[PDB]
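Following this are structure 1 and structure 2, which are two forms of one protein chain, each written alone as structure tokens.
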Structure 1
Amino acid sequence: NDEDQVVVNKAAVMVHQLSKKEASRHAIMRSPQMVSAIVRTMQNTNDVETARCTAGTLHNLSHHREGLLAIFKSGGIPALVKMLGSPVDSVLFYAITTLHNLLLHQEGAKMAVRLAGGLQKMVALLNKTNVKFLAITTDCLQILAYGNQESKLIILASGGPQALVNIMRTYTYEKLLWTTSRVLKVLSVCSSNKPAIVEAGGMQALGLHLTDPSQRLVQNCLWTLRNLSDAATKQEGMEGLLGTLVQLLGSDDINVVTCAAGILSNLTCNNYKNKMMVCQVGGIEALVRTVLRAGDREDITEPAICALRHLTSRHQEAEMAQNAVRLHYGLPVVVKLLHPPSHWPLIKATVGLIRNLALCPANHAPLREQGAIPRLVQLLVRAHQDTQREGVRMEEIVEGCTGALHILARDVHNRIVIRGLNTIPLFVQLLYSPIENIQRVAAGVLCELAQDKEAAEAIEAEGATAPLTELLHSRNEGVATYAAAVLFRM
């Protein structure tokens, strides 16, 4: 039969019972007339049992493909969103569930919800306390934000990051934690959201769940953590997270290992506090084992080497880390990574690690015995030639290899090897480099070599007096100091 009228609700309790039975439910969504009256009643009524009964109806309809369209074209979406402002409590449930079904299957619902101001309403509801309601709400936000930078910035403005992090800090309900982590993951790739997540303590919060039995939750937290750690700030209370990350390096899951290495790489970069802690929980040993176990998987070795590079310089236990790499059988494999099939990013990271390891006198001989010097020379020679003829710039390979050789040249037996490879003409040539940092390490390695009279003569014979004289007036104070140092020993 036809519609309700005015001042009567019994019709609301009417349409319900039928929406349950399929038979009438088909008739009801097959009727593009009263479905609009269902909507009209819901948004407008100030009665509780009528409002909840009305929302519950549309819910039952959202289960069927035509029931969606029925609600869709009837303009039910802006109504349901308005029902997300409804007070206690079951009306919020039917509303968010219906929207969810629409967002899942019904096409056009996404943009429609966005236009209705659904994003703002949903973010506001993240302070509720029902985990099932929060799981549905967070999933909607995920559906709306994925591959849609517009929605991501809205969620940010509405205070999404802080609310989502609080959920991760509060609840233990797996499905909610998982769903919330997927939203944070989507937001993590956003350049605007990422710092907000980090500022909300997102990294510590995600770190809480890295030992959860749910692998999909663990992996989501890892993926998000890598994006967030990607140039994050100086955070406190990272002790537990760092300890777990080192722990996760031994995981049998390669994707867990890849993420753990990457995050540790990012968190240790220019952060001596994080360097200390990672070292103090066995980071070197774990990272070395990881490199050995990884073989030629550069997805793993590259962030692992990078992490090792960070840990082996500029912090209180740097020297200890430099020894630790050797003590844990690391030197042979590190040198091996300078050879094919290693690609430039790994090679660059490896060279930088050798440079730090060479700071430790006890590493001079083993590095020499492994054949680091000729390989470093071959890299430098070929890299330089290529700079004379985007990814990794060869100017970085040139500077890196020359830098590593600069440190290795502190050892007497190394200087004989380096010199024996006819490198002096190359080094002198590098004094003409447009790049100051290259001039600096070129002058530096010459300064080390020129401590031996025979080398000092070969250096002078190479016509190095003139370039060094010009570099005396370099605005780079370091370049000038080395230039004067070589001149003196000549």
Structure 2
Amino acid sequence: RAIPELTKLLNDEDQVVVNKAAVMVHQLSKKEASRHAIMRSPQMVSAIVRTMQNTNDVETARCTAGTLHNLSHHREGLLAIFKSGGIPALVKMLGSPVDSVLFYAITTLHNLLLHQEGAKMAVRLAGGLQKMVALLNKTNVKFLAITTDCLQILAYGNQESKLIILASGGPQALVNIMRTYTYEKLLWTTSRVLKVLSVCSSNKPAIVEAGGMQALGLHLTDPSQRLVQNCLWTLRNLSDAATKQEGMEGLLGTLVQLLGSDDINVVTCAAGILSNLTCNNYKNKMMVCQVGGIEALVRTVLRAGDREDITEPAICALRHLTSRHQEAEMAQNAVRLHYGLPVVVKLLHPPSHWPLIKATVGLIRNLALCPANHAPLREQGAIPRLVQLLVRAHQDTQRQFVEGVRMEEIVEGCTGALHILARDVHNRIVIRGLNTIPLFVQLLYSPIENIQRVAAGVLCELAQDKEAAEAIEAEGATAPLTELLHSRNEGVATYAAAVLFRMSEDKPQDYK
């Protein structure tokens, strides 16, 4: 009937008739019955596919692309389009200046990518990725939302597609969208593409350099929770590669605020992102402390209880913030003023796992740099626990990776914290009373330079008291200390020499 005739008309050599045949078909695809009749005719669908990628009459390309769009709403329509080689033709239409054509084309491809088995490979092979990325400079937000979603589908779990997106400049184009538009669906769809690319070692650096961290940060206070969460996940995946970025003030401020959220995922992500951004960046450390980050992190730790997915990064962030920057001292004091000492010391005990214990020990070492923390840390029972951890870890090294942590790291960390705590006379008495001198002397023989340093260090602090200096000598520390005198490590050499001077000072008067 109509289909056969229309099909023939579309194949007609007289271009004037095809354009007239296209309108009729497009008009028929708008009705249930006739639509199904079209999709069940391989010849009809093939003609439409040919007419579309050949015509030069705007209205013809529009009616054919529009017809395919309508058919793509059905399973049979999707299959027919697929089998008729419609994908390559649709990808070609992505180069059309006519918005009407482009919209029909990208939407049809979107339906194929979402439901038609085999569509993804076909689109990749047809060069659809490069075409889609190039269209990201358009300004129609609904069009961009569909295009970016297509990119998400094509990139998900496909490294090859992620690399093509990168080579096409996808990162900068995607970041630009995040900084330019306010349409929620587009921001969300784009954040999902960025999330997929953020786990790729090649795209990650490119996203960061394009200003991705700052752009994603602009949306962390959006009412849309799906948008906020996707930005947070992406930011966290990217964070380990963003410690050198500038203009992070705004993002840092918002992350600190999010630490007070009741949403566990928001809190966990915010803590994780802050942990990495405070790594070796004094400006970031300064800003985080400036906006009340210490208090917020302490509260986060308090509320988390035994949830290590939260306490671990929060504790690492605190460790970073209480060291090597103009405000470290203030931060060390702040942790105490906000009632954080009791909880920090608590984390040294079970059920805490090794990673968290290691971070906690490192934090305590930094907190001990503040004299006002010496007594309260002692009063929380930190010293016997640090000593117990040290002894067990040392024995383990004498008899490799435990939960991802080497026991040599625990030995070094605990001896290091005891070294700082030993600056206080009352702490020295507790430390010495736990019969630790014999152990410290043995650590002098460690092959690990940093262990030699903190062992000599704690012995040095202990040696400032006459009796302790005598007890250290009684333990045969002289020989191992003498060997450390030619160490390349100034610290090791200085602490060792200091213990020797303090030991031979006491009474050693005349000769004999």
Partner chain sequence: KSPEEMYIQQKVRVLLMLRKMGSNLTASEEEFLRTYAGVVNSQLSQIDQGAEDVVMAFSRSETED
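Here the rigid core means the biggest group of C-alpha atoms that line up within 1.5 Å when the two forms are laid on top of each other. Counting starts at 1 and follows the sequence of structure 1.
Student: Of these two forms of the chain, identify the one that is the form solved without the partner chain.
Tutor: Here the form solved without the partner chain corresponds to structure 1.
Student: If the rigid core is lined up, how many Å does the C-alpha atom of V81 shift between structure 1 and structure 2?
Tutor: Reported C-alpha shift between structure 1 and structure 2: 0.9 Å at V81.
Student: What does the CA of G478 shift by between structure 1 and structure 2 after fitting on the core? Give it in Å to one decimal.
Tutor: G478 C-alpha displacement between structure 1 and structure 2, core-aligned: 2.1 Å.
Student: With both forms fitted on the core, how large is the C-alpha shift of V7 between structure 1 and structure 2 in Å?
Tutor: Rounded to one decimal, the shift is 6.5 Å.
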